[PDB]
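A short worksheet on the structure shown next.
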Amino acid sequence: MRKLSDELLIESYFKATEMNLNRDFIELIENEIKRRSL
Amino acid sequence: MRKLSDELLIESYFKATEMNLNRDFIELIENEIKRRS
Amino acid sequence: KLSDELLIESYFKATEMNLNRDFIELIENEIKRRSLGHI
């Protein structure tokens, strides 16, 4: 996930949530978004 | 649905069923999935 | 459209939920075509 473009990272966050994928997996995406922002 | 990529069909079915979309729209997706199998 | 990681998570979700077998075959077929058939 560190190698994803910002565009694909954010798109994956929305898609994961919309598809109701595993919540811990969704947390990993959130954590990558937070890492990039900090 | 015939020209949808398999990955857009996968995405569509999860989103449609999780979002409680029209059962007719879900049936269109379910029919195309079965057509492909 | 679906990242490798999203697709694999889709497989885990579909199998967990016991979704229709034709839907599981669709996901499996997309996994294989990406050379992730080793699951």
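We name chains A, B, ... following the order of the structure tokens; residues begin at 1 in each chain, and ligands are numbered from 1 as shown.
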Contact residues (chain B, partner chain C, 8 Å, only C-alpha atoms) as number ranges by chain: B: 6-8, 10-11, 33-34, 36-37
Keeping only N, CA, C and O atoms, write those residues as an mmCIF file, in the first residue's frame.
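Contents of part-v4.cif, as written:
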data_model
loop_
_atom_site.group_PDB
_atom_site.id
_atom_site.type_symbol
_atom_site.label_atom_id
_atom_site.label_comp_id
_atom_site.auth_asym_id
_atom_site.auth_seq_id
_atom_site.Cartn_x
_atom_site.Cartn_y
_atom_site.Cartn_z
ATOM 1 N N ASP B 6 -14.998 -8.207 -15.676
ATOM 2 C CA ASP B 6 -15.270 -9.093 -14.533
ATOM 3 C C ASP B 6 -15.035 -8.354 -13.209
ATOM 4 O O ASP B 6 -15.778 -8.545 -12.250
ATOM 5 N N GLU B 7 -14.006 -7.511 -13.159
ATOM 6 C CA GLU B 7 -13.680 -6.825 -11.915
ATOM 7 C C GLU B 7 -14.695 -5.723 -11.612
ATOM 8 O O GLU B 7 -14.938 -5.441 -10.452
ATOM 9 N N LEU B 8 -15.289 -5.100 -12.642
ATOM 10 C CA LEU B 8 -16.370 -4.150 -12.412
ATOM 11 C C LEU B 8 -17.640 -4.876 -11.996
ATOM 12 O O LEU B 8 -18.422 -4.339 -11.218
ATOM 13 N N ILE B 10 -17.650 -7.659 -10.185
ATOM 14 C CA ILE B 10 -17.412 -8.037 -8.773
ATOM 15 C C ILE B 10 -17.688 -6.852 -7.877
ATOM 16 O O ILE B 10 -18.419 -6.947 -6.895
ATOM 17 N N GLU B 11 -17.110 -5.714 -8.238
ATOM 18 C CA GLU B 11 -17.313 -4.483 -7.500
ATOM 19 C C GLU B 11 -18.790 -4.123 -7.404
ATOM 20 O O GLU B 11 -19.281 -3.755 -6.331
ATOM 21 N N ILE B 33 -23.577 -12.431 -13.940
ATOM 22 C CA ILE B 33 -22.651 -13.342 -13.253
ATOM 23 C C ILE B 33 -22.915 -14.809 -13.665
ATOM 24 O O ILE B 33 -21.993 -15.543 -14.028
ATOM 25 N N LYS B 34 -24.175 -15.226 -13.587
ATOM 26 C CA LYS B 34 -24.560 -16.593 -13.955
ATOM 27 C C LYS B 34 -24.327 -16.844 -15.460
ATOM 28 O O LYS B 34 -23.813 -17.898 -15.838
ATOM 29 N N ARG B 36 -22.017 -15.645 -17.242
ATOM 30 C CA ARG B 36 -20.579 -15.814 -17.413
ATOM 31 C C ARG B 36 -20.065 -17.132 -16.878
ATOM 32 O O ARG B 36 -19.105 -17.654 -17.404
ATOM 33 N N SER B 37 -20.692 -17.665 -15.835
ATOM 34 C CA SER B 37 -20.276 -18.945 -15.271
ATOM 35 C C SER B 37 -20.510 -20.092 -16.251
ATOM 36 O O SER B 37 -19.599 -20.871 -16.514
#
Residue contacts of residue 32 (chain A) (12 Å, only C-alpha atoms) excluding same-chain residues fewer than 3 positions away, as a PyMOL selection string: chain A and resi 1-6+8-10+12-13+25-29+35-38
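The protein and nucleic acid residues lying at most 9 Å from residue 18 (chain A) are residues 14, 15, 18 and 19 of chain B, with only C-alpha atoms considered and sequence neighbours fewer than 6 positions away removed.
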What does the file look like for those residues with N, CA and C atoms, as a PDB file, in the first residue's frame?
ATOM      1  N   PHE B  14     -20.967  -6.428  -4.948  1.00  0.00           N
ATOM      2  CA  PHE B  14     -20.723  -6.102  -3.536  1.00  0.00           C
ATOM      3  C   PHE B  14     -21.368  -4.771  -3.181  1.00  0.00           C
ATOM      4  N   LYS B  15     -21.142  -3.741  -3.990  1.00  0.00           N
ATOM      5  CA  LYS B  15     -21.714  -2.430  -3.693  1.00  0.00           C
ATOM      6  C   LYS B  15     -23.240  -2.479  -3.715  1.00  0.00           C
ATOM      7  N   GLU B  18     -24.570  -4.580  -0.674  1.00  0.00           N
ATOM      8  CA  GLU B  18     -24.286  -3.902   0.605  1.00  0.00           C
ATOM      9  C   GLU B  18     -25.062  -2.589   0.774  1.00  0.00           C
ATOM     10  N   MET B  19     -25.314  -1.885  -0.322  1.00  0.00           N
ATOM     11  CA  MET B  19     -26.051  -0.626  -0.275  1.00  0.00           C
ATOM     12  C   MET B  19     -27.568  -0.791  -0.344  1.00  0.00           C
TER      13      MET B  19
END
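Across the structure, CA of residue 15 (chain A) and CA of residue 8 (chain C) are spaced 13.5 Å apart.
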DSSP helix (DSSP H, G or I) residues within chain A, listed as a PyMOL selection string: chain A and resi 6-18+23-37
Store the residues picked out above in a file with C-alpha atoms, as a PDB file, in the first residue's frame.
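This went into selection_29.pdb:
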ATOM      1  CA  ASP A   6      -2.552   8.826  -3.749  1.00  0.00           C
ATOM      2  CA  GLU A   7      -5.380   8.591  -6.296  1.00  0.00           C
ATOM      3  CA  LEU A   8      -5.511   4.765  -6.094  1.00  0.00           C
ATOM      4  CA  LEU A   9      -5.113   4.804  -2.287  1.00  0.00           C
ATOM      5  CA  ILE A  10      -8.115   7.101  -1.788  1.00  0.00           C
ATOM      6  CA  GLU A  11     -10.180   5.272  -4.374  1.00  0.00           C
ATOM      7  CA  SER A  12      -9.414   1.956  -2.560  1.00  0.00           C
ATOM      8  CA  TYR A  13     -10.558   3.438   0.742  1.00  0.00           C
ATOM      9  CA  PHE A  14     -13.953   4.401  -0.650  1.00  0.00           C
ATOM     10  CA  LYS A  15     -14.321   1.117  -2.588  1.00  0.00           C
ATOM     11  CA  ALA A  16     -13.377  -1.024   0.417  1.00  0.00           C
ATOM     12  CA  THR A  17     -15.907   0.799   2.557  1.00  0.00           C
ATOM     13  CA  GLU A  18     -18.638   0.719  -0.147  1.00  0.00           C
ATOM     14  CA  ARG A  23     -12.845  -3.697   8.805  1.00  0.00           C
ATOM     15  CA  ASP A  24      -9.225  -4.410   9.814  1.00  0.00           C
ATOM     16  CA  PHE A  25      -8.216  -4.317   6.188  1.00  0.00           C
ATOM     17  CA  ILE A  26     -10.021  -0.944   5.909  1.00  0.00           C
ATOM     18  CA  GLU A  27      -8.037   0.242   8.987  1.00  0.00           C
ATOM     19  CA  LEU A  28      -4.776  -0.554   7.144  1.00  0.00           C
ATOM     20  CA  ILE A  29      -5.855   1.766   4.323  1.00  0.00           C
ATOM     21  CA  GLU A  30      -6.800   4.486   6.850  1.00  0.00           C
ATOM     22  CA  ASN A  31      -3.399   4.098   8.502  1.00  0.00           C
ATOM     23  CA  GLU A  32      -1.624   4.550   5.154  1.00  0.00           C
ATOM     24  CA  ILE A  33      -3.693   7.709   4.490  1.00  0.00           C
ATOM     25  CA  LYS A  34      -2.762   9.022   7.960  1.00  0.00           C
ATOM     26  CA  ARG A  35       0.931   8.142   7.492  1.00  0.00           C
ATOM     27  CA  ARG A  36       1.092  10.122   4.228  1.00  0.00           C
ATOM     28  CA  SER A  37      -0.638  13.108   5.844  1.00  0.00           C
TER      29      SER A  37
END
Region 24-26 of chain B surroundings by only C-alpha atoms, 9 Å radius, close-in-sequence under 6 positions cut, as a ChimeraX atom specification: /B:12-13,16-17
Two-atom distance - CA of residue 2 (chain B), CA of residue 32 (chain B) (Å):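 Distance between the two atoms: 7.0 Å.
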